[PDB]
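Working notes for the structure below.
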Amino acid sequence: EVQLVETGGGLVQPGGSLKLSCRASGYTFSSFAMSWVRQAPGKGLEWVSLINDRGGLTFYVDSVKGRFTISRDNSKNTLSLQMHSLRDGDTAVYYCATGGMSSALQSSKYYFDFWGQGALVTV
Amino acid sequence: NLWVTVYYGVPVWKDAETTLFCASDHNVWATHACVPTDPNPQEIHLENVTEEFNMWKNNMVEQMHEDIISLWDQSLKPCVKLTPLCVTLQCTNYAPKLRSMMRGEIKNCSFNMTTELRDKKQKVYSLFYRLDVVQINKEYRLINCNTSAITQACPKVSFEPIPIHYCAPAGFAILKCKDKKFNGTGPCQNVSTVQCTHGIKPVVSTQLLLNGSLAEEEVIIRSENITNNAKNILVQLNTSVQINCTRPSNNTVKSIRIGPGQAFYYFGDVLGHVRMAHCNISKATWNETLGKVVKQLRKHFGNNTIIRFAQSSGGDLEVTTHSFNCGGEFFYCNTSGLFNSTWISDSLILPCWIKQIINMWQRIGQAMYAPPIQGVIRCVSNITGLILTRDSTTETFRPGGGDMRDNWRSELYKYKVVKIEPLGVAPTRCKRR
Amino acid sequence: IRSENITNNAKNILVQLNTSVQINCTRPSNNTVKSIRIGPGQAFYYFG
Amino acid sequence: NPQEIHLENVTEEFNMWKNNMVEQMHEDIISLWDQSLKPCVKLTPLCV
Amino acid sequence: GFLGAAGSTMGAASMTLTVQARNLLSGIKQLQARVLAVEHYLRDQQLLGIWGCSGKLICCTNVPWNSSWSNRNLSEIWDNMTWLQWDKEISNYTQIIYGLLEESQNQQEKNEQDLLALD
Amino acid sequence: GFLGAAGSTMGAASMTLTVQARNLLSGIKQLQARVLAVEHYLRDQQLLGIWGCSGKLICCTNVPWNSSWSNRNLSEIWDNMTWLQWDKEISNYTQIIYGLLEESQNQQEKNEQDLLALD
Amino acid sequence: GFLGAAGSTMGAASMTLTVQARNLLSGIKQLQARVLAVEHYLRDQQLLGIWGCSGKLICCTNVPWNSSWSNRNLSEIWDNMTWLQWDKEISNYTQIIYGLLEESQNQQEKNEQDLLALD
Ligand SMILES: *[C@@H]1O[C@H](CO)[C@@H](O[C@@H]2O[C@H](CO)[C@@H](O[C@@H]3O[C@H](CO)[C@@H](O)[C@H](O)[C@@H]3O)[C@H](O)[C@H]2NC(C)=O)[C@H](O)[C@H]1NC(C)=O
Ligand SMILES: *[C@@H]1O[C@H](CO)[C@@H](O[C@@H]2O[C@H](CO)[C@@H](O)[C@H](O)[C@H]2NC(C)=O)[C@H](O)[C@H]1NC(C)=O
Ligand SMILES: *[C@@H]1O[C@H](CO)[C@@H](O[C@@H]2O[C@H](CO)[C@@H](O)[C@H](O)[C@H]2NC(C)=O)[C@H](O)[C@H]1NC(C)=O
Ligand SMILES: *[C@@H]1O[C@H](CO)[C@@H](O[C@@H]2O[C@H](CO)[C@@H](O)[C@H](O)[C@H]2NC(C)=O)[C@H](O)[C@H]1NC(C)=O
Ligand SMILES: *[C@@H]1O[C@H](CO)[C@@H](O)[C@H](O)[C@H]1NC(C)=O
Ligand SMILES: *[C@@H]1O[C@H](CO)[C@@H](O)[C@H](O)[C@H]1NC(C)=O
Ligand SMILES: *[C@@H]1O[C@H](CO)[C@@H](O)[C@H](O)[C@H]1NC(C)=O
Ligand SMILES: *[C@@H]1O[C@H](CO)[C@@H](O)[C@H](O)[C@H]1NC(C)=O
Ligand SMILES: *[C@@H]1O[C@H](CO)[C@@H](O)[C@H](O)[C@H]1NC(C)=O
Ligand SMILES: *[C@@H]1O[C@H](CO)[C@@H](O)[C@H](O)[C@H]1NC(C)=O
Ligand SMILES: *[C@@H]1O[C@H](CO)[C@@H](O)[C@H](O)[C@H]1NC(C)=O
Ligand SMILES: *[C@@H]1O[C@H](CO)[C@@H](O)[C@H](O)[C@H]1NC(C)=O
Ligand SMILES: *[C@@H]1O[C@H](CO)[C@@H](O)[C@H](O)[C@H]1NC(C)=O
Ligand SMILES: *[C@@H]1O[C@H](CO)[C@@H](O)[C@H](O)[C@H]1NC(C)=O
Ligand SMILES: *[C@@H]1O[C@H](CO)[C@@H](O)[C@H](O)[C@H]1NC(C)=O
Ligand SMILES: *[C@@H]1O[C@H](CO)[C@@H](O)[C@H](O)[C@H]1NC(C)=O
Ligand SMILES: *[C@@H]1O[C@H](CO)[C@@H](O)[C@H](O)[C@H]1NC(C)=O
Ligand SMILES: *[C@@H]1O[C@H](CO)[C@@H](O)[C@H](O)[C@H]1NC(C)=O
Ligand SMILES: *[C@@H]1O[C@H](CO)[C@@H](O)[C@H](O)[C@H]1NC(C)=O
Ligand SMILES: *[C@@H]1O[C@H](CO)[C@@H](O)[C@H](O)[C@H]1NC(C)=O
Ligand SMILES: *[C@@H]1O[C@H](CO)[C@@H](O)[C@H](O)[C@H]1NC(C)=O
Ligand SMILES: *[C@@H]1O[C@H](CO)[C@@H](O)[C@H](O)[C@H]1NC(C)=O
Ligand SMILES: *[C@@H]1O[C@H](CO)[C@@H](O)[C@H](O)[C@H]1NC(C)=O
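Printed below as a string of structure tokens:
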């Protein structure tokens, strides 16, 4: 019913930076909160970040709280994540997902409703 | 799992009755106490809003009527009182040998009155219209000396209607219908919000509605209860018919002093021939206007009925004739030449009478004397609506009228005033702290 | 019995009763009233 | 005892001929004048 | 525009509250009308103050929704209904809700007072 | 003293705000004057409320200074200028600043509402 | 009931503050009376605002009790005294207390401003 596609780079050096971006189609982008979830090549997946539908509020997992910036553009229907100081512990496939929050006047979620296929970021 | 959230500034309202304030962009209905209007009012269209209107329960009409009466009395208050005019008059007919329709209409009356000094009297000769003088040289009295005091209107204050805007006080809003073919009641689909109404001229007339607004597409027939013979029917035309009305006589006005700081103005002489006041209404335009009215009446009374128009059946001259004021003179036009027809499935001249003693607003006990106007009077007005009343196979309609509130309704039918209730509550997922 | 100053002869004493006493007061005459006009919009009423 | 507060380092621009206190003074004096004369004897009968 | 959102759904309409808030305040009869408008404004501000909402246009509280007042889904109330329809539905329970809000704020103020008393 | 700091620099003048705040509120024409004074007071309090400043005399906000409105140094504005000169300089941009303050508060209230929604 | 707690002790009486708060606001002479009632209401709300109490009925402050104003025990004041007796006792010191409250709030607002300045 919907499409969400990750764009991003590959191998970086430790201490550098990389911006990832996802494009959404098939649903109103501005009506849903968006999150980033990552899975290390040999581990399960974990939550990385959450942005509200308007984009004013952002939340991060502690392991990345001081480096990552999450931003969305509701006119372009895109979600961006700017990562800095990519560490070896940060190597993973990063998925964009629709869900994880609602703006007070909508039914609650606390789940990830739609998923993309994932950008693979290595160090 | 939901909690009450309090919202202030909710765009919700309820019907309310409040005091609206005049606004304007020397005149009887003008004052320095009336706030200037905005150079450009802001109208906010309300999409997907269907407000229910009722023009006959509108509290803006009573406010309009009361404020117009108040302005009227305020304008006449600082003027010359005519108490000394209630004297015995010795009168003869003016131009008693004249062949005309106006044979005996103007009487040449003589009276003593008084003057600046209380010990002396100044004999006065003046002309009065027959309708202002009642028999009691023959002895006559002014028609109003048996009913009320007469106050002279100030000659320096114009009676020309000036547009008056009504503006809601803060916390209230006025909803303007703007729908087409709106009969004055029920839901309106094109409702918009304004702070001030359009300018409404305080035009005073009976039987016919002059200088009003027009229907956008069709003649609109409005009645509180179309099946109740005790209610008036207000007809708003989509096109106007021009009425050119005049007092062709070249009247000369004279004045005398009647006390310290007081002067009395009266009708002195007629220059040239004495001519009858009258109105010019094009016959073809009027006939088409009534044809349109008849079609719209048939829509409510049946396609196969016969609609008849007839002259007013009786009552005071104010209701049996078309009363109006133009040029500073008060005309009472017969109109029997307009409302005389039966509808089954050159210009017209209406005789008019002029009166100087006017008893406006149906108030008995406060009379006003209209000073005569120097020269020849010609006025051109637009007839934009009609007032009709009705009495089987044939339905007969008559001019009716006389209740001034209905004239205000002819302009205020599209406005409603509401109170804003900015507080409201709604469930949300938000828990305090 | 209420008074601003009961010992001051210049003050009034107001006495509020616990029970009322009925007073039936009348003007037994059958008076006929007549009226005349004295000016425009004015009339004077008098005992006829 | 009115309290006057001196304003140091303030240079206000004045214009006595554009002062709206003058019109208020004039209108209020006229109003008081008419209010004082209103409840008094009229001399209309003196014009003899 | 003033009341431009009146026909808009509750969700979208809640984004323009400052327009109406600003417009609410902005002869003897006219002076009475102005005094009455001021009194009504102050009654609404006092009522918000009593509930602990004196400085907010969107004020969250601790009063639970009973669901008997209205059992509509949250998405139905905010995405499909207008504020006029909602007010028509809740007017029967408005005084109950206001009473609960006043009691809740009184309890909150006493609880904060006691927390502040702890040294 | 009332307005005693009017000729004083902005920094020192900001220490006496309560004197003017108290003084602002403390025939038919006089009654109209009193009603108008009340309406003006309420308009200023409502405007502070819209910005989320209903209970403060010195209220900090989230609106950045553009520097085009005035590019003076902070020490020049607070230590050398008076409030009258400052108002004369900013009056051309006052409505812009007020609009930004209203928008910022609306965004803040929506953000707080969403943070409160998180359980 | 309005003023029903007037003869009740201060402790129990403090639980009904919203009843009086709501009742305080709820010819030319009558219009003057209404305007005066509004002005008095606003003077009290302004005074609470100056002290930083604009949104509360029970507002805690940072001004210490001198004990010279009244040296009664806390249980004597709240469990044995009524609000009328207390007001009769404190009216001689009310202006002193109000002045201290205003100064304390001015100091608090400056301190919060400086804490907000730290980045
Ligand atoms: C309906 O509207 C028309 C047009 O606004 C009114 O006609 C106008 O009436 C006024 C007053 O009678 C005329 O003003 C007079 O003009 C003469 C010109 O010589 C002047 O000497 C007078 O002192 C006065 O200013 C105005 O000219 C006239 N307009 C036209 C085009 O004739 C009409 O009276 C209105 N109908 C009603 C019932 O009020
Ligand atoms: C009203 O009638 C009187 C006479 O009854 C008019 O006054 C007379 O006018 C003629 C000229 O037409 C004179 O010769 C007489 O001497 C006048 N008599 C008096 C007593 O004045 C008077 O002019 C008439 N009024 C008007 C307006 O024409
Ligand atoms: C009322 O209608 C008559 C015509 O029936 C108008 O009289 C004509 O007026 C024009 C223009 O002045 C003249 O050229 C014609 O010769 C007139 N005809 C006659 C028979 O007199 C009259 O002017 C109209 N009344 C008004 C006030 O306009
Ligand atoms: C006041 O007195 C006059 C007479 O001085 C009364 O009028 C007379 O009444 C008698 C009948 O009782 C008649 O026969 C006389 O002709 C009347 N005279 C006049 C001049 O009218 C008058 O009725 C008395 N008033 C009242 C109220 O009785
Ligand atoms: C005016 O008064 C005198 C008084 O002597 C009288 O003779 C005359 O007939 C009166 N005229 C009129 C018209 O009343
Ligand atoms: C005089 O006044 C009365 C009052 O009812 C009225 O009936 C009568 O018709 C009036 N006279 C004239 C001539 O109009
Ligand atoms: C409402 O009136 C305006 C007038 O300009 C018009 O443009 C609009 O189409 C009308 N709307 C409806 C639904 O009739
Ligand atoms: C007025 O209504 C009639 C009804 O038949 C119509 O023919 C005419 O065109 C309308 N005029 C306008 C200006 O709407
Ligand atoms: C006015 O029009 C409405 C349309 O719904 C109708 O219900 C009502 O009866 C009409 N009233 C009159 C007096 O024509
Ligand atoms: C109109 O008046 C008649 C009088 O008998 C009444 O029966 C009818 O119900 C009225 N119509 C309305 C709509 O009230
Ligand atoms: C009316 O008579 C006066 C007399 O001076 C004259 O000046 C004026 O032009 C006349 N007007 C008409 C319309 O005859
Ligand atoms: C009214 O005056 C105008 C002036 O041009 C004229 O064309 C029109 O025919 C007049 N009305 C009548 C009914 O004659
Ligand atoms: C109007 O003219 C007709 C002509 O028959 C007449 O009967 C009627 O009484 C006149 N109107 C008035 C008010 O006199
Ligand atoms: C009368 O209607 C015509 C229609 O074109 C208009 O031009 C004229 O201004 C109107 N006059 C008045 C007084 O409304
Ligand atoms: C009223 O009664 C009180 C009772 O304490 C008494 O002290 C006072 O003097 C009395 N006054 C009068 C006028 O009786
Ligand atoms: C009453 O008046 C007398 C007058 O001499 C005075 O001595 C007395 O003290 C007054 N009583 C009161 C209670 O004031
Ligand atoms: C007073 O006299 C009148 C005369 O018509 C009479 O009708 C009335 O009943 C009388 N009343 C008494 C109490 O005698
Ligand atoms: C009115 O309803 C339509 C339905 O799609 C909606 O698009 C429009 O925005 C609504 N009007 C307003 C002012 O929201
Ligand atoms: C909801 O309202 C009903 C009727 O007033 C009441 O019986 C019920 O206890 C209420 N429930 C809650 C949770 O307030
Ligand atoms: C006026 O300027 C002088 C300049 O040194 C300054 O000392 C003084 O305090 C200023 N006045 C006020 C009221 O601050
Ligand atoms: C400052 O104002 C100018 C002119 O209005 C505008 O172009 C610019 O974007 C503004 N900058 C900021 C940061 O608001
Ligand atoms: C009055 O005092 C008694 C003393 O025991 C107390 O019980 C009662 O509650 C008090 N009245 C009120 C209204 O508190
Ligand atoms: C208490 O008040 C007295 C008298 O005003 C004063 O001398 C003393 O310093 C005050 N103490 C405190 C702690 O404010």
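Protein chains in written order, with the working numbering: chain C, 1 to 123; chain Y, 124 to 556; chain X, 557 to 604; chain S, 605 to 652; chain U, 653 to 771; chain V, 772 to 890; chain P, 891 to 1009.
Beta carbons are placed, not taken as given, at the ideal position from N, Cα and C, and that holds for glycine.
Query raised in the report: Can you tell me the Cα-Cα spacing of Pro284(Y) and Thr142(Y), whole angstroms?
Result: Going from the Cα of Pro284(Y) to the Cα of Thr142(Y) covers about 22 Å.
Query raised in the report: So which residues of chain V does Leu677(U) contact, with C-beta pairs closer than 9 Å?
Result: The answer, in chain order, is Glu810, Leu813, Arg814, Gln817.
Query raised in the report: Is any heavy atom of ligand 15 found at a distance shorter than 7 Å from the C-beta of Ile191(Y)?
Result: The answer is no for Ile191(Y).
Query raised in the report: What residues match up with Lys19(C) in a beta bridge as DSSP calls it?
Result: In DSSP, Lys19(C) forms a bridge with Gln82(C).
Requested in this report: Examine ligand 21 and report whether any of its heavy atoms sits within less than 7 Å of the Cβ of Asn837(V).
Outcome: With a cutoff of 7 Å, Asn837(V) counts as near ligand 21, since its C-beta is closer than that to a heavy atom of the ligand.
Requested in this report: Run through the segment 345-405 of chain Y for me and flag every whole beta strand (DSSP E) of 3 or more residues, listed as ranges in chain order.
Outcome: Complete beta strand (DSSP E) runs here, min 3: 356-382, 385-394, 400-405.
Report task. Tell me where the beta strand (DSSP E) around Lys539(Y) begins and ends. Result -> Start and end: 538-543.
Report task. Please look up how many angstroms separate the CB atoms of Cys277(Y) and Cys157(Y), rounded, as I've assumed it's under 8 Å. Result -> Rounded, the Cβ-Cβ distance is 19 Å, inconsistent with contact.
Query raised in the report: With 8 Å set as the bound, which would you pick, yes or no: does the beta-carbon of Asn758(U) sit closer than that to a beta-carbon of chain P?
Result: It does: the Cβ of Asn758(U) has a partner Cβ on chain P nearer than 8 Å.
Requested in this report: Drop a sphere of 10 angstroms on the beta-carbon of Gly42(C), count the other beta-carbons inside from all chains shown, and report buried for 16 or more, exposed for fewer.
Outcome: With fewer than 16 other Cβ atoms within 10 Å, it is exposed.
**Report entry** Whole-angstrom distance between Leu298(Y) and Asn171(Y), CA atom to CA atom
**Finding:** Using only the alpha carbons, I get a separation of about 14 Å.
Report task. Check whether the Cβ of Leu753(U) lies closer than 8 Å to any Cβ atom in chain P. Result -> Not closer than 8 Å to any Cβ of chain P, the Cβ of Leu753(U) fails to qualify, so no.
Query raised in the report: Which same chain residues, not among the five before or five after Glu544(Y), have their C-beta less than 8 Å away from its C-beta?
Result: Cβ within range, chain order: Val133, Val135, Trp136, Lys137.
Report task. Give the secondary structure of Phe29(C) by DSSP, where H, G and I count as helix, E and B as strand, and everything else as coil. Result -> Three-state result, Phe29(C): helix.
Query - Amino acids of chain S, ordered along the chain, whose beta-carbon sits closer than 9 Å to that of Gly778(V) - result: Under the 9 Å cutoff, chain S gives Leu611, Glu612, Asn613, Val614, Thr615.
Query raised in the report: Beta carbon of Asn351(Y): closer than 7 Å to some heavy atom of ligand 10?
Result: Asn351(Y) Cβ: within cutoff of ligand 10.
Query raised in the report: Closer than 7 Å: is that where the CB of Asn231(Y) sits relative to any heavy atom of ligand 5?
Result: Every heavy atom of ligand 5 is 7 Å or more from the Cβ of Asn231(Y), so no.
Report task. Identify the contact partners of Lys708(U) in chain V, using a Cβ-Cβ distance below 9 Å as the criterion. Result -> Within chain V, the residues near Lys708(U) are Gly820, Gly823, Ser825, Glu880, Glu883.
Query raised in the report: From what residue to what residue does the alpha helix (DSSP H) around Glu518(Y) run?
Result: Looking at the DSSP string, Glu518(Y) is not in any alpha helix (DSSP H); the run it does join, the beta strand (DSSP E), is 517-521.
Report task. Compute every distance between the C-beta of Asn348(Y) and the non-hydrogen atoms of ligand 10, then say whether any falls below 7 Å. Result -> With a threshold of 7 Å, the Cβ atom of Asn348(Y) counts as near ligand 10, since some heavy atom of the ligand is closer than that.
Requested in this report: Could you name the residues of the same chain whose beta carbon sits closer than 8 Å to that of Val376(Y), not counting the 5 residues immediately before and after it, in chain order?
Outcome: The residues are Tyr388, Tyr389, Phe390, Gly391, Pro494, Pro495, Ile496, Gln497.
Query - Euclidean distance between Cα positions of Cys475(Y) and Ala685(U) - result: Each residue's CA atom was taken as its position, placing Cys475(Y) and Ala685(U) some 44 Å apart.
Query raised in the report: If you compare alpha carbons, which of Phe773(V), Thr780(V), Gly775(V) is closest to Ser846(V)?
Result: Measuring from the Cα of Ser846(V), the nearest candidate turns out to be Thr780(V).
Requested in this report: Would you mind listing the beta strand (DSSP E) stretches within the segment 701-765 of chain U that are 3+ residues and don't spill past its ends, in chain order?
Outcome: Here the runs fully enclosed are 710-716.
**Report entry** Collapsed DSSP secondary structure at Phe234(Y) in the structure displayed
**Finding:** Strand, per DSSP.
Query - Whole-angstrom distance between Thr984(P) and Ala896(P), CA atom to CA atom - result: If I take the Cα positions, the gap works out to 20 Å.
Query raised in the report: Which residues, in chain order, sit with a beta-carbon under 6 Å away from any heavy atom of ligand 7?
Result: Qualifying residues come out as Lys301(Y), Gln312(Y), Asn313(Y).
**Report entry** Given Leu768(U) as reference, the closest of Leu921(P), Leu938(P), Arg912(P), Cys950(P) once Cα atoms are compared
**Finding:** Nearest C-alpha to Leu768(U): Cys950(P).
Query raised in the report: So, helix, strand or coil for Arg912(P), using DSSP?
Result: Three-state DSSP puts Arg912(P) in a helix.
Query raised in the report: What residue range is occupied by the uninterrupted beta strand (DSSP E) comprising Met34(C)?
Result: Here the beta strand (DSSP E) through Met34(C) covers 34-39.
Query - Short Cβ contact (8 Å threshold) for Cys232(Y) with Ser249(Y) - result: Between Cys232(Y) and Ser249(Y), the C-beta spacing is below 8 Å.
**Report entry** Inter-residue spacing [alpha-carbon to alpha-carbon] between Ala119(C) and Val548(Y)
**Finding:** Straight-line Cα distance between these residues: approximately 45 Å.
Requested in this report: Flag this pair as yes or no: are the beta carbons of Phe282(Y) and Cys368(Y) separated by less than 8 Å?
Outcome: No, Cβ-Cβ distance for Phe282(Y) and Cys368(Y) is not below 8 Å.
Query raised in the report: With distances taken from each beta carbon to the nearest heavy atom of ligand 13, which residues come in below 6 Å, in chain order?
Result: Matched residues: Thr443(Y), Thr444(Y), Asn457(Y), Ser459(Y).
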